[PDB]
Amino acid sequence: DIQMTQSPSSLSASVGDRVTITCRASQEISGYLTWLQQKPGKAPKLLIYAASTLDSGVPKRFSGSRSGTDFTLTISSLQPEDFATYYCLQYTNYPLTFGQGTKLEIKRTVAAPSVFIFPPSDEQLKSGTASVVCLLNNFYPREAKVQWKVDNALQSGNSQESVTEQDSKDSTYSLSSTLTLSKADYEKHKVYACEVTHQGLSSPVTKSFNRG
Amino acid sequence: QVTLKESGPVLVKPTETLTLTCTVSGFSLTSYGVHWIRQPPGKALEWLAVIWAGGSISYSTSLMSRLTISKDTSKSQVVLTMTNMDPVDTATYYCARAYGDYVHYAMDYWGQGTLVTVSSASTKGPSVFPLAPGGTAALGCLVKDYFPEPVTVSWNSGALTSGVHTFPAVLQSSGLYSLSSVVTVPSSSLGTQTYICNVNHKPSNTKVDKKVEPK
Ligand SMILES: [K+]
Ligand SMILES: [K+]
Ligand SMILES: [K+]
Ligand SMILES: [K+]
Ligand SMILES: [K+]
Ligand SMILES: [K+]
Ligand SMILES: [K+]
Ligand SMILES: [K+]
Ligand SMILES: [K+]
Ligand SMILES: [K+]
């Protein structure tokens, strides 16, 4: 099988900047090389086929070139909607084979999170469990530290985090941290707090509530 | 409208058979071929097979004995059957169009993709719980203990789209998925505007609408 070696594997670049993604084929593929764009949670979309032919409707800032076995996708002046995973695809022979992908993130200025905390609902507590949710909204970069303190006691092993994909307009992220406790444990304590550390904050931010 | 749409049961037990249908519109299956591609979660695309306009089929060699492809031109459908499914076959499965009868015709339009989960666990619909609320408040819904993926969340049957963040599902150690969906709204709307999270879990035929009230 033909191996397509795609580089780099991740890029982070600013709006207006130029980026280059390359794919080397392990054998001659003539010009039978396609570039695809895959937004998170969506199907791939055709950008370029036959190595350099721009598909109808694709913005002119996308262009493809060849230098033998090396194929290059260039995005000339990046836009916030360009965050995606990009793939090359050869179709000279079977099996068709893909590069392993380039994840492109839009780089932007640091933005501090807005923090929100949510107590468990009475409906959930009637089921025997208590989920406490902390929300970090619209921040950049993704790196953040969320510590749960229950009656000023630090928690470990009982929370899980999830992060969104970048916003197509302002390139920020949101993050949720969910502290799960048994109902018995939740009733034994009063102050529930999430402390958020992020480089966009001059000092940690704590949001808390009192059970009741 | 040129479109391709995958459908079929999304949960397959180990050693049992996957059947996916690709329904096409805006072109004829005796003029265009249809490729099948899959993508394990977080991994790269992998090509599986193609059925050409004239009916010849080509397969990925290592998977060829497990794959069969049928065409129904009147129904505008191609059907992929994959036998002896294993957990490593959990993936989003895609069909995609290419002209004619030979591999050098580039594939152009892709379908939306369908998430196939291979597991011996049974289906379970979601429990939905409210996440109750400067001049901006946050509210949300916790969508907990469902299987398999995916669930879809909307707010106010689609009217509320700005500010909505629906987080990726987290697999819990129990094996059931959980996620939250949050939205930021003006605090001035909390007493007057109605906020309803609409949760649809097609694999279990479960629809839940949960109103979120500011406690
Ligand atoms: K070549
Ligand atoms: K060849
Ligand atoms: K900065
Ligand atoms: K804050
Ligand atoms: K906010
Ligand atoms: K709050
Ligand atoms: K969780
Ligand atoms: K810091
Ligand atoms: K389906
Ligand atoms: K047809």
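In what follows, every chain begins at residue 1, and chains take the letters A, B, ... in the order their sequences are listed.
Here A:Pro44 is the residue among A:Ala50, A:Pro44, A:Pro120, A:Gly41 with the most heavy-atom pairs under 4.5 Å with chain B. For chain A, the option among B:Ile37, B:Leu179, B:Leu45 with the highest count of heavy-atom pairs below 4.5 Å is B:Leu45. The greatest number of non-hydrogen atom pairs below 4.5 Å with chain B, out of A:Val163, A:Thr178, A:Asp122, A:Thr97, is found for A:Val163. Top candidate by heavy-atom pairs under 4.5 Å with chain A, chosen from B:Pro130, B:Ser62, B:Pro150, is B:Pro130. With respect to chain A, the highest number of heavy-atom pairs below 4.5 Å among B:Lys215, B:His35, B:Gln39 belongs to B:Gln39. No other option in B:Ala96, B:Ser60, B:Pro168 has as many heavy-atom pairs under 4.5 Å with chain A as B:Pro168. Among A:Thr92, A:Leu46, A:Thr85, A:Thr34, the residue making the largest number of heavy-atom pairs under 4.5 Å with chain B is A:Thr92.
For A:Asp167, no part sits under 4.5 Å from any heavy atom of chain B, backbone or side chain. Looking at A:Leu135, only its side chain comes within 4.5 Å of chain B, counting heavy atoms on both sides. Interface residue B:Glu46: only backbone heavy atoms are found under 4.5 Å from chain A. Within the 4.5 angstrom heavy-atom criterion, only backbone atoms of B:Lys43 (N, CA, C, O) approach chain A. Residue B:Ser58 touches chain A through its side chain alone, counting heavy-atom pairs closer than 4.5 Å. Of the two parts of A:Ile117, neither the backbone nor the side chain holds a non-hydrogen atom closer than 4.5 Å to a non-hydrogen atom of chain B. For B:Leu48, no part lies under 4.5 angstrom from a heavy atom of chain A. Contacts between B:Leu142 and chain A at a heavy-atom distance below 4.5 Å involve the side chain alone, from C-beta outward. No part of A:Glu165 comes within reach of chain B, as not one of its non-hydrogen atoms sits under 4.5 angstrom from that chain. With a 4.5 Å cut-off on non-hydrogen atoms, B:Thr184 touches chain A through its side chain but not through its backbone. Residue contact with chain A, scored on non-hydrogen atoms closer than 4.5 Å, involves the side chain of B:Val182 exclusively. In this structure, no portion of B:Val212 lies under 4.5 Å from any heavy atom of chain A. Residue A:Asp1 does not touch chain B at all, counting heavy-atom pairs closer than 4.5 Å. Residue B:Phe167 touches chain A through both its backbone and its side chain, counting heavy-atom pairs closer than 4.5 Å. At a 4.5 Å heavy-atom cutoff, the contact between B:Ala138 and chain A is made by backbone and side-chain atoms alike.
Seen from the ring of B:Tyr32, B:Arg97 counts as a face-on cation partner, given the 6.0 Å and 45° thresholds.
Checking each of B:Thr117, B:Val118, B:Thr90 against B:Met85 for a side chain to side chain contact (heavy atoms under 4.5 Å, CB included) leaves exactly one that passes, namely B:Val118.
Of the charged side-chain nitrogens involved, at least one lies within less than 4.0 Å of a carboxylate oxygen, so that A:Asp82 and A:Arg61 count as a salt-bridged pair. Remark: B:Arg38 engages B:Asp89 in a salt bridge, criterion side-chain N to carboxylate O under 4.0 Å. Under the 4.0 Å criterion applied to side-chain N and carboxylate O atoms, A:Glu195 and A:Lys149 are not assigned as salt-bridge partners.
The aromatic rings of B:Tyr105 and B:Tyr99 stand perpendicular to each other, their planes meeting at an angle above 60°, with 30° marking the opposite boundary. In this structure, A:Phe116 and A:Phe118 have parallel ring planes: the angle between them is below the 30° cut-off, well short of the 60° mark.
Contact record, A:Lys107 with A:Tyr140: CA-OH, 3.4 Å, taken as the closest heavy-atom pair. In terms of heavy atoms, B:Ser76 sits closest to B:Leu29 at C-CD1, 3.6 Å. Of all the heavy atoms in B:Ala132 and B:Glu213, the pair that sits closest is CB-O, 3.3 Å.
Atoms CZ and OG, on A:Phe139 and A:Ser114 in that order, are 10.5 Å from each other to the nearest 0.5 Å. Annotation: the span from A:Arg142 atom CZ to A:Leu175 atom CG amounts to 10.0 Å, rounded to 0.5 Å.
Aromatic pair B:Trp47/A:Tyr94: centroids less than 6.0 angstrom apart.
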